[PDB]
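Participant: first chunk of the complex, coordinates as they sit in the assembly:
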Amino acid sequence: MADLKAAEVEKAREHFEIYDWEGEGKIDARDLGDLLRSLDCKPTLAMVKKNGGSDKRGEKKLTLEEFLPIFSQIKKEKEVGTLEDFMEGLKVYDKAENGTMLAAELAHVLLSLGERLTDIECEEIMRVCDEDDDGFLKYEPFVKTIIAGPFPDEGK
Amino acid sequence: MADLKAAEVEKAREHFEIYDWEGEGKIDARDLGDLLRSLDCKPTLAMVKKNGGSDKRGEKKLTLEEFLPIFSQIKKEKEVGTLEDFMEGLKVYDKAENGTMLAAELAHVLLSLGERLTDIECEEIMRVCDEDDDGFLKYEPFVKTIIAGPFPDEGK
């Protein structure tokens, strides 16, 4: 958890600034989805659609000034999650005794649990090693490129 | 083909500037035949003389106006892609019809009868067709290969 504090406001400004590109400070409706996810409220797709979001093309533009009186509600009941949990979890599957993961196999176990993986996301889990021999991930560089985000900004 | 088309005139105005090395017009006598061959009309040297044209160097030369009655006589007669005496003109050493004739009598009969052309082309009528060791080489596919053509239509 956490209440309204300077650190969260920064987290939200940072994700938002990635999510634009126009340089106009406007993000579309759908991007509310993954902003909130990155903030570690752990929403479901229901929570997104509740906030007039979308899993389709945008409909309208949001400024941060709209987004934040949504967000200060969202924070209540959340877990910021640990990292070490996903490592321990994904060590369970092995394929060399080294924490290595065939791509199809890693999509499938997610599919068949939880709220259940969509057609598209199993293609994304698969995407890395697509259509060759299938196709081995490793748990540590997997989790890490996901959480870090692929270029939140770099100095190189 | 069996009649002049409007695009074969539009093709021939373009290809007029090729024939005269200046980029003007005046159809060269060998390039008389190259224009009829890039418009689906492929007479013999004895059919050329009937239309009153040319297909080889040293023969009459004409202008594009003068080319239209010559071009129109081939359309009324054979060789615009019609079938008769092509793959109907081959075989007489076999009283069997298996769609085959002898290898030896499919490369020195075009050289001992016919208008007589290159030994390399005598080797293409043998190459397009199947080979067996029973002495049976087909005659009927090399002709259909010509129906397929570089361009079935108007060359460019």
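Facilitator: The structure has been received and is ready for your questions. Numbering: from 1, shown residues only, chains lettered A, B, ... in the order given.
Participant: what's the burial count for residue A:57?
Facilitator: 8 (other CB atoms under 10 Å in any protein chain shown). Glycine gets a C-beta too; all of them are placed from N, C-alpha and C.
Participant: Need phi/psi at the residue nearest to it when sequence neighbours are not counted.
Facilitator: In space, and not counting its chain neighbours, residue A:57 is closest to residue A:30: 7.3 Å by CB to CB, 6 or more residues apart in numbering or on different chains. Here is the backbone geometry of residue A:30 (degrees, to the nearest 10): phi -70, psi -30.
Participant: For residue A:30, list the residues it contacts.
Facilitator: The contact partners of residue A:30, by CB atoms under 8 Å, 6 or more residues apart in numbering or on different chains, come to A:53-58.
Participant: Name the pair among the residues you listed with the greatest separation in space.
Facilitator: Pairwise distances across the contacts of residue A:30 (CB to CB) peak at 11.9 Å, for the pair A:53 and A:57.
Participant: quick one, helices of chain A?
Facilitator: Secondary structure of chain A (DSSP state H): helices located at A:6-19, A:31-38, A:45-50, A:64-74, A:84-90, A:103-111, A:119-127, A:139-148.
Participant: include chain C too:
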Amino acid sequence: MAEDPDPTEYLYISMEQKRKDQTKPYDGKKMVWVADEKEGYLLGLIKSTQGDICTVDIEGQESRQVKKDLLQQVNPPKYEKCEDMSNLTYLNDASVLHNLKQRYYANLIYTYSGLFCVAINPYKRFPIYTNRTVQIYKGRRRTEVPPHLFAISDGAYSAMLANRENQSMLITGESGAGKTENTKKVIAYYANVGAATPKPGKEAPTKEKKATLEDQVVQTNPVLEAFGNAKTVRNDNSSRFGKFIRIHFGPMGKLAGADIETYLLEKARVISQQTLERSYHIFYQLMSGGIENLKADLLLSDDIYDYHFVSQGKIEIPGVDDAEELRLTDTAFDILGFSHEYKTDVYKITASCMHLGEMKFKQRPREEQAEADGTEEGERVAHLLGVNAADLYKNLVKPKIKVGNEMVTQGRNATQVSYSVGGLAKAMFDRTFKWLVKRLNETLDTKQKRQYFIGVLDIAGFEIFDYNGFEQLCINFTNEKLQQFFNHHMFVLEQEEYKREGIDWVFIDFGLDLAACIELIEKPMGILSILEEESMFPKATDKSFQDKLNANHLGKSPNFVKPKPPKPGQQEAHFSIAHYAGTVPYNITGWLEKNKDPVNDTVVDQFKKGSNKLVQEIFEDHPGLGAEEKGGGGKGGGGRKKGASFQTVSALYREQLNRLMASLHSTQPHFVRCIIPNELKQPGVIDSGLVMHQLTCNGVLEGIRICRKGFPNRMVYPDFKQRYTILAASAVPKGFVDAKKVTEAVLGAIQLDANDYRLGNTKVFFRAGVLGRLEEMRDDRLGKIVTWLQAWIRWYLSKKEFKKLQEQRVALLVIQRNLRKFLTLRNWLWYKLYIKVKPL
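Facilitator: Okay, here's chain C dropped in alongside the others:
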């Protein structure tokens, strides 16, 4: 969840019992199954036991003194309202019988019988079209995936993809199971493993747009079915012929294509009919189904009994039309990439094989020779070939019979004349179909993915009528060899694979022979037959046929019914040969005339010939099949070899027959033993008498003795460790290691009950029951870490595949930091460029 899978596709169980440890103390004994004298097994009670002898009464109303081993102790609730029937270890006919009855009651059709399954096939189709299906057969639980043929195909794909060496799935059966109807559900697993590219706006829908290879692999089975399938009334949708299908699977399991050859085809189901045989399915399709365009040109009626080789209406089996089945197949040409031309040209030749029927005893003269007073009848044949009514009505009436090698005729009366009209049709239909598969096979040689296959062998048809053709006989001489791959895989290759893997099992092989006198090499098989290799000439005796049969087929075959010959003239002798199905009274004559041909090579061959040569390619390239080397002599063709040979394509089919059989011999078994449930081919009806009979010939005792440890689920031990998820640790693996007695710890760590596991360090092996439903409850329990990976994969996808909000932004801001001052920053204090500047 609540420990039952969620219906979407039909026939999913909703359980009462759980196949877990409770069921184990139930086993026998009070009631047992005694054998009826009228065929079948029914339920008896032991009234008194005199030691090793017993007196077990029957509901037949007999009292019978029986011997221990015969009376099967009653099968416990492990096969009542469970997904299970994989755990079978119970012997003889009855064990299986009870359990399949209770399978219908349990809302299912196909079930495991160990590794060597039993399939009870009525044919029904669950929707495949849903975006629901392409998650379900994209791998899920062992009861989200039902114990239908999709399961085995999961555990083949999972097997193959873990251990990196090849498998097969080999279906046997008899007339009363339509092999092909089964195979399309194997393919429907494969074809719906697919997923599609991300949508840019985060759209979950997509898929049913991918992919023409999967589509192709399906579609070919309707094309193959319309020509080769006819029907019976014991076997609705009877494939009477033989096809070998190698299906190829990708990295992700996605179908890559199918190299499909064809073995034989009938020339005896359209030369005349036996009572309650229907001719080839396509005729009726074409007739009922036809659009107004083709109806005009092809000159078709939708009325029957205006023919004689096309008689018998619709036969009731679910999910088959003739009319709607036309549109399916017409599309199935379109999809293959076949030519829009060649469809109608082929239809013209196809539809004359209807038209031909109703002609007999045409000695009425027009020209001082046997022709006919008919017109319309033969004009509707005539136009579609080109040749006129006279070419037709001359050449029908009698064959030019090679006698010595010269040409004579016989006197032929009404029936004789009838049978010779049917000749012209069967030569056309065989020869078109034979061109036809092979030119469609070319296009299906694209792979472009991993080179792993399963080869599915479908050689069916058998038939039990007073007359079957010589064509069907050569098909059933393969059927014998199928029962030998059973022997070779049920004893041998099953436990060779168990040994390699190091899975537990005492390695014991029992004796059983169902044939062993046949060789899987050409040269023995092509001493046979004198009704082949000398029949085209009148030197062929039916006597020597049987003699050469009795050496090569009989010695190690047991269910083989001997030839007793009627010594006068030409045989009406009967024999029969081993198969899972009964005794066949054969008629031996007429086999003669068919390879002296009732309507010759020559007569057919000239419809093949063209007039622009485009016509020719459609049927031939030019050596043989419509063009002729001439002369008398030779076997086979066509007109190689040589001339009017009078066809003997059955000998050519020794050669090739070696080539199909031997590779398939060496492949490691998945098996489906397709049993006739009932004749009407309908869910909730099964006959005891049929199944009792099929299983005694399919050596059911032996067939459970090895398969008492049957495993037809085989996956990855990591994968299954991961589906339960293990967050407790004291000593619990996360390692890729043995499951011998280790599977009890990675279950029991956090919750779960355990009843089924087996050793594995590459492939892990399961049987049905305990796994699946407990893994649906892990959807309900697993909150937290699992579902937050899933939300994180949503955040992954969305960030990458927006396509402009991705890594575009970081670059664009640094790009800007230069753009604000681009005039300044592209130089410095000292201008150093004097090298290559547009004016400087």
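Participant: Could you re-examine the nearest residue to residue A:57 with chain C now present?
Facilitator: residue C:201 (4.1 Å).
Participant: Distance check, that neighbour against residue A:149.
Facilitator: 20 Å (CB to CB, to the nearest Å).
Participant: before we move on, the earlier item: Three-state assignment for the residue nearest to residue A:57, please.
Facilitator: Put simply, residue C:201 is coil when judged by DSSP: H, G, I helix; E, B strand; the rest coil.
Participant: so what's the backbone phi/psi at it?
Facilitator: Residue torsions, per degrees, to the nearest 10, at residue C:201 are phi -90, psi 0.
Participant: who are the neighbours in contact with it?
Facilitator: A:30, A:54-58.
Participant: Please list the residues of chain A that sit near chain B.
Facilitator: By CB under 8 Å from any CB of the partner chain, no residue of chain A approaches chain B.
Participant: which ones are touching residue C:225?
Facilitator: Taking CB under 8 Å, 6+ apart, one finds C:180, C:237, C:239, C:281, C:329 in contact with residue C:225.
Participant: Residue C:237 now?
Facilitator: With CB under 8 Å, 6+ apart, residue C:237 has these contacts: C:123, C:178, C:180-181, C:225, C:229, C:231, C:281, C:317, C:320, C:681.
Participant: Further, place chain D onto the existing structure:
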Amino acid sequence: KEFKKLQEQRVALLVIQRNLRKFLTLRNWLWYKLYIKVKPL
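Facilitator: If we add chain D to the chains shown above, we get the following:
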């Protein structure tokens, strides 16, 4: 097939004809060439 080599020559003939005129025009209007050798300053 060879007429293809000649078909791209139809526009090329129009370029050499203007260029031959410019072979004499720029020889009355020189100081329009100068390229690397040893003479530049």
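Participant: With chain D now part of the structure, what is the answer for the contacts of residue A:30?
Facilitator: Counted by CB under 8 Å, 6+ apart, residue A:30 has contacts A:53-58, C:201-202, C:798.
Participant: Quickly find the element holding residue C:95.
Facilitator: helix C:94-105 (DSSP states H and E).
Participant: Just give me the neighbour total for residue C:62.
Facilitator: 12.
Participant: same question but for residue A:148, I mixed them up
Facilitator: Neighbours around residue A:148, by other CB under 10 Å: 9.
Participant: With adjacent residues omitted, what lies nearest to the residue of chain C found nearest chain B?
Facilitator: Using CB to the nearest CB, residue C:622 is the residue of chain C that sits closest to chain B, at 2.9 Å. The spatial neighbour of residue C:622 that comes closest, neighbours along the chain excluded (CB to CB, 6+ apart), is residue B:99 at 2.9 Å.
Participant: my guess is that neighbour meets residue B:140, correct?
Facilitator: Yes: here residue B:99 reaches residue B:140: they are 5.0 Å apart, a contact under CB atoms under 8 Å.
Participant: For residue C:114, list the residues it contacts.
Facilitator: C:86, C:88, C:704, C:707-712.
Participant: Likewise for residue C:241?
Facilitator: So residue C:241 contacts C:228, C:262-266, C:460-461, C:475 (CB under 8 Å, 6+ apart).
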